[PDB]
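K.L.:
For reference, the structure I am asking about is given below.
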Amino acid sequence: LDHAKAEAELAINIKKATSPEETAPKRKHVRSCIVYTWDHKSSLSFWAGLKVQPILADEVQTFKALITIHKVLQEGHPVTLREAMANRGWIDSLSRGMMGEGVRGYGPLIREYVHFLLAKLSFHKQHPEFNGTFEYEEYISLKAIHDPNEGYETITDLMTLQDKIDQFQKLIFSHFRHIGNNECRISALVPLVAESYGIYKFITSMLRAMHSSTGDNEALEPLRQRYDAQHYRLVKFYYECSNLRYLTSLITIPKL
Amino acid sequence: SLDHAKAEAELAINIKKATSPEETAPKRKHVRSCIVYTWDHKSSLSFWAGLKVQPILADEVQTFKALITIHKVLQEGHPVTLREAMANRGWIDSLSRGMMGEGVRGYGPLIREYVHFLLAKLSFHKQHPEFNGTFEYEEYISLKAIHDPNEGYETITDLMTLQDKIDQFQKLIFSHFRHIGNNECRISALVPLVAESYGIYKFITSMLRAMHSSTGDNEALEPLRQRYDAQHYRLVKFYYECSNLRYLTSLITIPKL
């Protein structure tokens with residue numbers, strides 16, 4: 001069967017994406033996990049595949065699994081987000097540090113990632129119309145007229161998610177050991193840049209759209225103030241990212 | 001902005017849906033519509049009047065949800081809302097009295113405590129109209145405290161009193177958590193209390209810091225330092241208990257003290 005071929009191949013992708021190698025999850029295999037969700041309009045074999053891995057024995061393998069999960073939530077078929085809701089309990093179980101076991105010290109990073117991913121899934125449950133990177137043009141195309149009162153509440157939820165990303169990236173930067181490169185730690189910043197920029201772009205477009213063309217727009221000033229605060233804070237994050245040679249080799253850091 | 005009569009009619013629908021008997025958080029877009037109304041018309045009078053022809057007191061969940069909605073409108077509405085709220089103190093008080101007791105679902109004590117807190121909040125804003133409803137930080141308030149330390153002392157004391165009200169109320173809300181049910185309606189009241197407590201905390205911290213440099217009288221401010229420390233440790237515990245609530249953390253960032 002070519003069906004059994006497809007299942008066998010995804011199993012290899014998940015395995016190799018979460019190997020013991022202390023670096024970024026192998027891109028071709030993470031890419032193949034993402035593609036699988038689009039090809040079959042289903043992520044069920046992805047979640048099943050991760051559950052049968054020997055990933056809890058090494059905290060690097062657990063951390064690489066969470067990076068892979070994050071990327072698949074971001075870029076996979078929309079159903080991936082829906083099917084992730086049933087796996088909240090399993091995702092929460094990864095926040096342990098049984099084996100690893102703090103020789104390289106990923107425990108705090110694993111707990112912070114699990115907290116973030118559950119917060120991401122909480123948002124997508126509340127706001128199912130979004131895709132994994134909060135695309136504005138995809139979001140606003142689904143209806144003719146959009147409620148600015150829903151828009152206000154949605155932005156404050158996104159800003160709260162932006163705060164979790166900023167806390168998490170700062171924790172990753174603190175864990176950088178001086179000599180000998182931190183490629184696995186730095187690789188987690190790749191989807192965090194994508195997440196934070198996705199949020200930034202949407203809030204920019206939506207907050208602009210909500211402003212009445214003339215008048216003071218007094219009601220939106222709390223969002224403007226928090227938007228500006230998060231902008232300058234995101235500039236600092238992206239400046240620190242642009243000075244990492246390994247991170248800039250993987251992605252283009254947004255300007256802002 | 002629409003026709004006045006038609007605008008009040010649409011606001012009535014928002015108030016109705018926000019205060020429905022569904023044991024949930026007040027439906028957020030309708031609470032937002034109530035807040036936005038005050039900015040659009042530069043007046044909260046329609047909101048207060050709209051609440052008067054919305055039956056809520058027969059159902060404890062509706063009454064508690066109404067008090068959450070009132071709290072959010074006081075926080076985020078046009079500044080005139082706080083002034084116009086003063087004439088509705090008697091009515092807010094009436095929501096608790098005509099006593100029920102516990103109630104079937106146990107919102108009775110939470111209702112009475114929310115009314116108690118909201119009256120204390122309005123008492124503060126009457127005495128101290130320089131602040132806004134959400135205690136959005138303004139450095140100017142600490143500058144006033146530098147130049148008028150007698151006034152600053154009294155304002156810090158009153159801020160601390162309001163902080164104690166929030167601490168007592170949040171403790172009561174946590175004690176009424178039930179293992180059956182998502183606790184969303186109860187937890188949706190904690191959200192504005194966390195926001196308000198932090199705003200108060202930032203003001204107390206900055207004003208008390210500013211007053212030590214200006215006056216140089218460590219003996220006179222010692223009671224405020226003693227109370228500050230106590231309230232700090234309480235607030236850490238409050239924010240710690242909130243950190244494990246996933247509905248709350250999805251809506252607001254908990255401060256790290």
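To be explicit about the labels: the chains of the structure tokens are called A, B, and onward in the order shown, and within each one the residues are counted from 1, while ligands get numbers from 1 in the order they are shown.
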If you take only C-alpha atoms and a cut-off of 10 Å, which residues of chain B touch chain A, and what are their nearest atom pairs and distances in Å to one decimal, in chain and number order, as a tab-separated table?
P.N.:
residue	atom	partner	partner_atom	distance
B:28	CA	A:153	CA	7.1
B:29	CA	A:149	CA	5.1
B:30	CA	A:149	CA	7.6
B:31	CA	A:149	CA	8.7
B:32	CA	A:149	CA	5.6
B:33	CA	A:149	CA	6.1
B:34	CA	A:149	CA	9.6
B:35	CA	A:219	CA	8.4
B:36	CA	A:219	CA	6.6
B:37	CA	A:219	CA	9.5
B:38	CA	A:219	CA	9.0
B:39	CA	A:219	CA	5.9
B:40	CA	A:219	CA	8.1
B:76	CA	A:219	CA	8.5
B:77	CA	A:219	CA	8.0
B:78	CA	A:219	CA	7.7
B:136	CA	A:222	CA	9.0
B:246	CA	A:119	CA	7.7
B:247	CA	A:122	CA	8.1
B:249	CA	A:119	CA	7.9
B:250	CA	A:119	CA	6.3
B:251	CA	A:157	CA	5.4
B:252	CA	A:160	CA	5.8
B:253	CA	A:160	CA	5.6
B:254	CA	A:160	CA	9.3
K.L.:
Calculated over only C-alpha atoms, which of the candidates B:9, B:166, B:173, B:185 has the smallest distance to residue B:60?
P.N.:
B:185
K.L.:
Choose the residue, out of A:15, A:88, A:77, A:70, that has the smallest atom-to-atom separation from residue A:189; count only C-alpha atoms.
P.N.:
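Comparing A:15, A:88, A:77, A:70 against residue A:189, the winner is A:70.
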